[PDB]
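Engineer: So that we are looking at the same thing, I have put the structure below in structure tokens.
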Amino acid sequence: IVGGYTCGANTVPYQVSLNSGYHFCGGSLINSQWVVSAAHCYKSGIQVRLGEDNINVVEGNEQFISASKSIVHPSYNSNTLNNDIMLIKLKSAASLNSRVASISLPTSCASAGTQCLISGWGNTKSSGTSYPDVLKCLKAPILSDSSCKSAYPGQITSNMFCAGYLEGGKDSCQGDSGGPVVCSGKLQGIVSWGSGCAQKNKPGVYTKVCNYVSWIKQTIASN
Ligand SMILES: NC1=NCc2ccccc21
Ligand SMILES: [Ca+2]
């Protein structure tokens, strides 16, 4: 997250870190046994880490649970990033509490202008690299479809939305992929892609979770 703020320990209780020896992506806990992330985060050997604040320190509220299975969306295209969503099942259910909690799926798609909370452990620099270790947060509005398409001609599908600031300075970044965009207490987006980080006229692009609620629910119900 570039241009954000330190969230505060365990203030984003649905935020998970995906670890394969190291943090490589975020995710969102949507029930005691399932995490939503980005399809481009897929790999084998995933451990889901819940209750994290500093991802390099065991502070006392963590739960580390290996994945039993991953399900990439059947229509994910890794070239276009269309349908950049996957589900990860935990081998055992997390113990839910005030610091490890699921985030509701949306009932409706959120509109341009709605404020959202974007969070992650990704790079905090638009030039160069620095990783923050504690969770960073950014409040940002959803942008209109027309301004998203104008920013990224030929690249925005009906399964994507932009959020952030056309002036730049505040955005998600590498290492935030797969993490949450929460608006009005519902998971509306997944951190997906952008051209650089926090650059002018290149806002962040997010998977449009409301298009996937039926797939998520049906997949969980049978897996
Ligand atoms: N918003 C983003 N700009 C670059 C990037 C990489 C990975 C995830 C999100 C972004
Ligand atoms: Ca920790």
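All of the numbers you see were taken from the coordinates with simple rules; none came from a lab. Using ideal geometry, Cβ is built from the backbone for each residue, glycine included, and neighbour counts are taken over all protein chains shown.
Engineer: Go through the range 94-116 residue by residue and tally those that are assigned to a strand (DSSP E or B) and surrounded by fewer than 17 Cβ atoms within 10 Å (Cβ to Cβ).
Structural biologist: The number of residues fulfilling the criteria is 3.
Engineer: Sticking with this structure for a sec: I'd like to verify a number: residues in the range 54-110 that are in contact with a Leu (Cβ under 6 Å, 6 or more places away or on another chain) and within 16 Å of ligand 2 (Cβ to nearest atom), how many?
Structural biologist: Count: 4.
Engineer: How about the range 79-93: which of its residues are within 17 Å of the chain's Cα centre (by Cα), part of a loop (DSSP other than H, G, I, E, B) and either among the aliphatic types (A, V, I, L, M) or under 15 Å from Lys43 (Cβ atoms) (or both)?
Structural biologist: If the condition is that a residue be within 17 Å of the chain's Cα centre (by Cα), part of a loop (DSSP other than H, G, I, E, B) and either among the aliphatic types (A, V, I, L, M) or under 15 Å from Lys43 (Cβ atoms) (or both), then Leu81, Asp84, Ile85 are the ones that fit.
Engineer: Write out, first by first residue and then by second, each pair whose Cβ atoms fall under 7 Å of each other, whose residues are 6+ apart or on separate chains, and whose first residue, in the range 159-187, is touching a residue at least 60 places away in the same chain (Cβ under 8 Å) and within 15 Å of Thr124 (Cβ to Cβ) while the second is within 16 Å of ligand 2 (Cβ to nearest atom) and part of a loop (DSSP other than H, G, I, E, B).
Structural biologist: Matching pairs, first to second residue: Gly175/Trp121; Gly175/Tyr131.
Engineer: Another question, then. Can you name every residue in the range 184-223 that is surrounded by fewer than 13 Cβ atoms within 10 Å (Cβ to Cβ), more than 22 Å from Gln115 (Cβ to Cβ) and not hydrophobic (A, V, I, L, M, F, W, C)?
Structural biologist: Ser214, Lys217, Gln218, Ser222, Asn223
Engineer: Follow-up question, since we're still on this one. Is it the case, given these coordinates, that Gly204 is under 13 Å from the mean Cα position of the chain (by Cα), near ligand 1 (Cβ under 10 Å from one of its atoms) and farther than 21 Å from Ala9 by Cα?
Structural biologist: When the stated conditions are applied, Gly204 passes them.
Engineer: Show the residue pairs meeting these rules: Cβ distance below 8 Å; 6+ apart or different chains; first residue within the range 147-158 and farther than 16 Å from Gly113 by Cα; second residue of a type in the set (D, E, K, R).
Structural biologist: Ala151/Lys202; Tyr152/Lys202; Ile156/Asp145; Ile156/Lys149; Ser158/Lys208
Engineer: Within the bounds of the range 162-180, is there any residue that is of a type in the set (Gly, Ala, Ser) and away from ligand 1 (no atom under 13 Å from the Cβ)?
Structural biologist: Checking the range 162-180: not a single residue is of a type in the set (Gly, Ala, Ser) and away from ligand 1 (no atom under 13 Å from the Cβ).
Engineer: Quick one: how many residues across the range 170-211 are in contact with a strand residue (DSSP E or B) (Cβ under 7 Å, 6 or more places away or on another chain) and outside any strand (DSSP E or B)?
Structural biologist: 15
Engineer: Looking at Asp145, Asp133 in this structure, which one is farther than 13 Å from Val205 by Cβ, over 14 Å from the mean Cα position of the chain (by Cα) and among the acidic types (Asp, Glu)?
Structural biologist: Just one listed residue meets the conditions, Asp133.
Engineer: Examine the range 51-62 for a residue that is within 19 Å of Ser192 (Cβ to Cβ), touching a residue at least 24 places away in the same chain (Cβ under 8 Å), surrounded by 20 or more Cβ atoms within 10 Å (Cβ to Cβ) and out of contact with any helix residue (DSSP H, G or I) (no Cβ under 9 Å at 6 or more places or on another chain), and state whether such a residue exists.
Structural biologist: no
Engineer: Out of (1) closer than 16 Å to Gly178 by Cα; (2) of a type outside the set (D, E, K, R); (3) outside any loop (DSSP other than H, G, I, E, B); (4) away from ligand 1 (no atom under 16 Å from the Cβ), what's the single condition that is false for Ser68?
Structural biologist: (1) is the only condition that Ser68 fails.
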